[PDB]
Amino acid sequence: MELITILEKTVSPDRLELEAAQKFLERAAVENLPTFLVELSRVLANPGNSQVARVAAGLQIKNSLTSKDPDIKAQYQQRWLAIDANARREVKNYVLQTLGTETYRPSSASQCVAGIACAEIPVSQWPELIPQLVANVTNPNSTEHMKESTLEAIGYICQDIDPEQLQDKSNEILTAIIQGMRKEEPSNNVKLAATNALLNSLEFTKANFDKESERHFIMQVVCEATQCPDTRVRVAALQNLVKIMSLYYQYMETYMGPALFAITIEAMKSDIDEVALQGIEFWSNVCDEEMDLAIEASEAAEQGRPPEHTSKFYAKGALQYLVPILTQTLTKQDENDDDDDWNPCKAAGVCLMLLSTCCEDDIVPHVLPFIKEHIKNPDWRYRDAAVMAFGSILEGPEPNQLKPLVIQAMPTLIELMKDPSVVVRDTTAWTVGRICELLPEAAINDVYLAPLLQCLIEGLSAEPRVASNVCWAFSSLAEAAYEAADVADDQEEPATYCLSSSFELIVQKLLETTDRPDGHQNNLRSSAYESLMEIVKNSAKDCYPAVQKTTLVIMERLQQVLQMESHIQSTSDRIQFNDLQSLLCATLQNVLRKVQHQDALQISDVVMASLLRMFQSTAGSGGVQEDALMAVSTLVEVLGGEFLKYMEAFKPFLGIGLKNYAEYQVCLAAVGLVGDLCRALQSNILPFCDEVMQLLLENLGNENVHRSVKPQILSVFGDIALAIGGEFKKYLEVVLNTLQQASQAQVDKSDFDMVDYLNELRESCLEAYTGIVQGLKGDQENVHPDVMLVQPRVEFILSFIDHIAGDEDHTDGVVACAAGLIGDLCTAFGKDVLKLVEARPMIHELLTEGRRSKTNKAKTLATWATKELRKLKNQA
């Protein structure tokens, strides 16, 4: 066809003709892109053509010079100057002149003057661009279409051009952008393209704001600009105050009182959403900057140094002005709100919560009156705002100040649970949750606990909106009820707690809720499960019979779902299934850990069937795997030795997981299960040891495997030695050499990740050594001759620990294992020990460190190690 016809073959009656271009154009670009875009630059700089051929022209010039993928992007640019260094020669003035050609269609020229330069500037090139654009505004004789679209270009440059490579020439650009804003400028359309430009430049004007001279002018323009009756400008202007406030809080002391304060407050009031959202945003940004400065103050104080910057406490200062405006905005509700839609009402409740965590205590007084007055108001929008205001100041204030208010708010809270308005009811279930999570104490209080639970058991039937928070409520409440009956807990677990009387009914209803023709709305389902799991984990040993009925119910559903797999239609249906799937296993783990060894056995066959079946058949997913392994581990841990019968009928899978290092997550689970098997079976595991040891030692060698997986392995070698004892001698040889290899490993302690990794390695090795000495020492206080095999290494070992003892990048965890390893070493050889550590003071300082340490494991082990060493002192 043509060029001015194919690009327009997108706005025509024909579905197969829609690509009349996407094919010709594309299947012609690669051939001669330098002869596909260049030509396009001709139609673009062509005043004759329309606005669907020139624009569609620029689009193919833009896209062939840009994309929004951090990789695909930095790839087209090269191609742009990998081309004839002469082919662009004309384009960079063929397009640089299209600016100011039509009404609102050569605007694409901006989209191009940008991307191009966004590739020709990082190489010191096109020194004829920035000079142009600027002059295109400083020149008191340019047109709107001219300036307007020139500003955009500049704008589109600051947005995508590496700030780094532009930090230079910033006064010309800033000057251009500043003039495009002067109140003089007739066209608002211009000011606008200039304000949106400044916003994108605020980042690399750091140099400018520093000199108070320029600043005041920049600050004055932006403030005026907020007065321009063109809302579009108004906003973009308020947008600049918001960013500036978050980049130069230090230089705001000046224009705050005589300007910003007034400008923004009005803004918060504006009946224009786009406007007030920026007002609220401005102060949320104050809160952020101030909370962060508050840390600085705390840190600097115990650093005997002044704070790099200090807070003028604006937020605390405008509380009296802010709170009334916010609590009133919470009133501009939107009954119609199942929306992923942001708006003043939302922004305000959040901003309130922010202020609450910033000014803490001070907040209540300003908020309480609004709460007390409107929690009774006939207008549901005001009752709502009251409940909402109340729930959202619950985090920040000192709890012992809120606890009382809460206690007196509970009856009202409980009744409001039955308010006629859903909105009121959503907001209340939420507030109830916040109470439950931030102030358990008051929630679980016995004066209203009875009515409070009746109400929630009911709330569970409500709309996904209400019920969902009701679930959250029950989880918070559950953990709180447990941790409370704590002193009523003897022999490691509460005989009973306050939810007992209703437990049976709570889990019962939660199961029903689990079930919801709409369970997918508001995550009602995931929340119900997470909630049921939590109600189970944190439960009293007196409602065990209630946990049983559940297990059956969970196994029942795990089955129905496993057969329910052959009905998947929409890609949606898949993910759903997978979710319900995992959620159930997750529930299986939590229930199992709570059942008696006895109940475990009965459930055993069934569960393992489902899990074995679920791993087996579902041998075409990958994510499912890592979930069934978890389930088994849990089962292995409760069954202990009786798990031996499922071993054969399970081995293949543990194998798939241990070898499958393409998804280390699963390999990790597999590695853990091994150790989980070492303790449950022991010696008995010997059958597979052969296979496992090699298969594992294989991964330590093959280096495709993620390094996180490695330390887990070395660690497991010690779990194995402990379970097979004297039999480990078969493998003692290589393992010992491997541990040494890993022990002497090294990394640039300048790449953190590499600190964690190194310590995980160091901590993993020490564990394996420990498990080995222990495994060979056996246990019948006779010290089996086997331990002498590691007698040679004793010299080396007491070494590696030293390196550590020296290196500061440590971890109490490492110090813990190390202390222990020593203890054992004294316990096995013990002469040969006392002097080597004597010839190594650092070790001793480490031991003390393992005492002046807060961590438990660290403490005890150091203690012991020290007594075990001091014992060897008077043995001579």
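Counting begins at 1, following the sequence as shown.
Engineer: Averaging the C-alpha B factors as listed in the entry, name the stretch that ends up higher: 276 to 284 or 541 to 549.
Structural biologist: Higher mean C-alpha B-factor in the PDB entry: 541 to 549.
Engineer: Between 719 to 727 and 620 to 628, name whichever shows the higher mean Cα B factor according to the PDB entry.
Structural biologist: On average, C-alpha B-factors are higher across 620 to 628.
Engineer: Would you mind finding, among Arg762, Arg79, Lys372, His309, the residue with the largest C-alpha temperature factor in the entry?
Structural biologist: Checking the PDB record, the top C-alpha B-factor among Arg762, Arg79, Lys372, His309 is at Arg79.
Engineer: From the list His706, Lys346, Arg105, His366, select the residue with the highest C-alpha B factor recorded in the entry.
Structural biologist: Largest recorded C-alpha B-factor: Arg105.
Engineer: Lowest, middle or highest third of the chain for the C-alpha temperature factor of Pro404?
Structural biologist: Lowest third of the chain for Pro404's C-alpha B-factor.
Engineer: For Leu438, return the chain-relative third of its C-alpha B-factor as stated in the PDB record: lowest, middle or highest.
Structural biologist: Lowest third.
Engineer: Would the CA B-factor of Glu148 place it in the lowest, middle or highest third of its chain?
Structural biologist: Highest third - that is where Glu148 ends up once the chain's C-alpha B-factors are sorted.
Engineer: By the recorded C-alpha temperature factor, relative to the other modelled residues in its chain, which third is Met245 in?
Structural biologist: Lowest third.
Engineer: Would the CA B-factor of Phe615 place it in the lowest, middle or highest third of its chain?
Structural biologist: Its C-alpha B-factor belongs to the highest third of this chain's values.
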